[PDB]
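These protein sequence lines are chains C and A, in that order.
In case it helps, the entry's author numbering puts the first sequence at residues 3 to 135, 143 to 193, 200 to 220.
Take any residue in the second sequence, note its place counting from 1, add 673, and you have its number in the entry's author numbering.
We treat Cβ as the ideally placed atom computed from N, Cα and C, and that holds for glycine.
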Amino acid sequence: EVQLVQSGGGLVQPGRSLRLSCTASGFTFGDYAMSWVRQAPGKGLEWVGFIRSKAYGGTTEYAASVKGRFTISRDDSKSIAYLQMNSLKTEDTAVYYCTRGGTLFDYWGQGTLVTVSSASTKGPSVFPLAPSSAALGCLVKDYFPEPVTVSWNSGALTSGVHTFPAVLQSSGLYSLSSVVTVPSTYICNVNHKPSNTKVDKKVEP
Amino acid sequence: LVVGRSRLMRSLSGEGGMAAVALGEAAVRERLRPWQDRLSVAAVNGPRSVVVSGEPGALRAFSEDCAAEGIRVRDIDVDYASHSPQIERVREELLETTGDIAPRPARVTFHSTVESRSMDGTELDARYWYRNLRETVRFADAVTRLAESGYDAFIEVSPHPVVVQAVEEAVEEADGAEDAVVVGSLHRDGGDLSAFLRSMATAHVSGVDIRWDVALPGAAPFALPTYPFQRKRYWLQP
């Protein structure tokens with residue numbers, strides 16, 4: 003159907019500003035109200051605010067936790083919706099969707115994932131995992154930012170591998186594990208691209 | 674690989690040569706076995722054509738020695754003598770120049786000519802390319818027993834085809850199909866697009882499917898006549 007195009011994600015420092023941008027193609031932007039929904043891991047959808055279309059005023063409404071911290075603007079001549087954020091906090095690393103309509107959330111955009119971070123970039127530290135219980146793997150710890158790629162036998166062994174999402178701990182750095190299963200030489204190759212490092216660590220079977 | 678092998682073989686160049694002879698297989702082995710300039714043959718283009726490489730003295734002696742008792746020898750203008758025991762004493766520089774390779778899996782069946790078998794993409798390292806550089810390449814056997822595997826389009830990719838004779842005279846005797854097509858890319862007397870298009874059409878008229886819309890990126894289809902039928906008179910009494 004109609005297309006909502008969204009942009010404005012990236013890396014942020016806790017306590018500064020950032021503005022999104024959402025354009026609309028296929029329908030008249032000057033007749034619909036616009037709502038904003040944030041999505042962060044460990045929680046569901048959350049309405050954060052909405053703005054009214056013209057011929058009905060220009061009143062804007064926000065949530066309790068963001069009233070006085072965020073603002074929403076629009077331009078119907080060039081037909082964009084803007085979300086401007088001041089004094090961002092580290093718990094708002096999220097993907098933002100723009101929804102057509104104030105109450106009937108009829109349409110949802112593709113969204114952009116924007117994150118506020120206090121830690122700098124860092125190379126990973128891959129440690130072997132010796133079985134002391143068949144399965145064997147390696148742990149990628151204390152790296153920044155996403156993503157990282159893990160391979161076994163330079164892309165030869167692809168069966169039985171169980172990579173895991175990098176859950177953010179309480180510190181601010183990422184850590185995941187990659188474990189394969191083999192009944193009973201064995202190395203895992205971890206590539207961190209934005210820091211340009213490639214480690215090949217052998218794991219004891 | 675290319676540049677490192679190039680100037681590592683630059684150092685030993687100027688010293689020894691190569692000559693093509695066509696007299697027999699173990700025949701030529703017996704001819705130069707009275708010499709010890711060579712441990713194994715250099716290459717085998719066909720069942721009747723071989724190349725002898727090595728030090729200038731023994732190569733000259735064999736060329737002038739067999740010049741009176743058989744098929745004439747063509748001295749190939751090679752500055753060095755590869756596929757010879759001359760390679761061995763210079764391994765270590767090679768190992769320390771190309772000992773940093775990451776072999777990836779191969780999409781298509783790369784059929785080796787030094788291991789005489791279908792290799793995998795993960796088995797390519799410093800000794801693989803050394804072994805390539807040192808001992809024989811079995812090209813005639815490889816093309817013959819690839820022709821038996823069900824391949825009938827030996828398209829060459831080279832600025833000048835020099836192995837078409839060997840390819841045909843090798844595929845001729847294999848228990849497969851005879852109408853396997855062998856075409857080059859460019860010749861001595863042309864490098865334009867017309868010659869490449871003619872080679873492509875020669876490959877196409879024998880079964881290979883060629884997409885011809887790439888060469889006309891700015892045209893529109895025309896209105897053409899229909900198929901000319903060839904008719905006789907079939908008429909049963911009505």
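Next on the checklist: Going by beta-carbon coordinates alone, are residue 127(C) and residue 151(C) separated by less than 9 Å?
Outcome noted: yes
Next on the checklist: If I follow the unbroken beta strand (DSSP E) through residue 727(A), where does it start and stop?
Outcome noted: 722 to 727
Item to check | Pair within 9 Å by beta-carbon distance, residue 204(C) and residue 214(C) | outcome: yes
Next on the checklist: Distance check for residue 822(A) and residue 843(A), CA to CA, integer angstroms please.
Outcome noted: 14 Å
Checklist entry - From residue 739(A) to residue 856(A), what distance separates their C-alpha atoms? => result 34 Å
Next on the checklist: Below 7 Å on C-beta distance, what does residue 775(A) contact in chain C?
Outcome noted: 163
Checklist entry - Does the beta carbon of residue 758(A) sit closer than 9 Å to a beta carbon anywhere in chain C? => result no
Item to check | Pick from 704(A), 708(A), 720(A) that is closest to residue 838(A), judged by C-alpha positions | outcome: 720(A)
Checklist entry - Of all the beta strand (DSSP E) runs that stay within the bounds of the stretch 682 to 720 of chain A, which reach a length of 3 or more residues? => result 690 to 694, 716 to 719
Item to check | Of the residues 704(A), 749(A), 800(A), the one placed nearest residue 937(A), counting alpha carbons only | outcome: No answer is possible for residue 937(A): it lies beyond the span of chain A, which begins at 674 and ends at 911.
Next on the checklist: Less than 9 Å between the beta carbons of residue 15(C) and residue 90(C), yes or no?
Outcome noted: yes
Checklist entry - Where does residue 908(A) sit, in a helix, a strand or coil, going by DSSP? => result coil
Item to check | Touch test, the stretch 774 to 794 of chain A against the stretch 746 to 766 of chain A, Cβ-Cβ under 8 Å, three pairs minimum | outcome: no
Checklist entry - Taking one C-beta from the stretch 161 to 169 of chain C and one from the stretch 688 to 695 of chain A each time, how about it: are there three or more such pairs within less than 8 Å? => result no
Item to check | Where residue 102(C) falls: helix, strand or coil (DSSP) | outcome: strand
Checklist entry - What span of residues does the alpha helix (DSSP H) with residue 784(A) cover, start to end? => result Per DSSP, residue 784(A) belongs to no alpha helix (DSSP H) and is neither H nor E.
Item to check | alpha helix (DSSP H) runs wholly inside the stretch 786 to 830 of chain A, at least 4 long, in chain order | outcome: 799 to 807, 812 to 820
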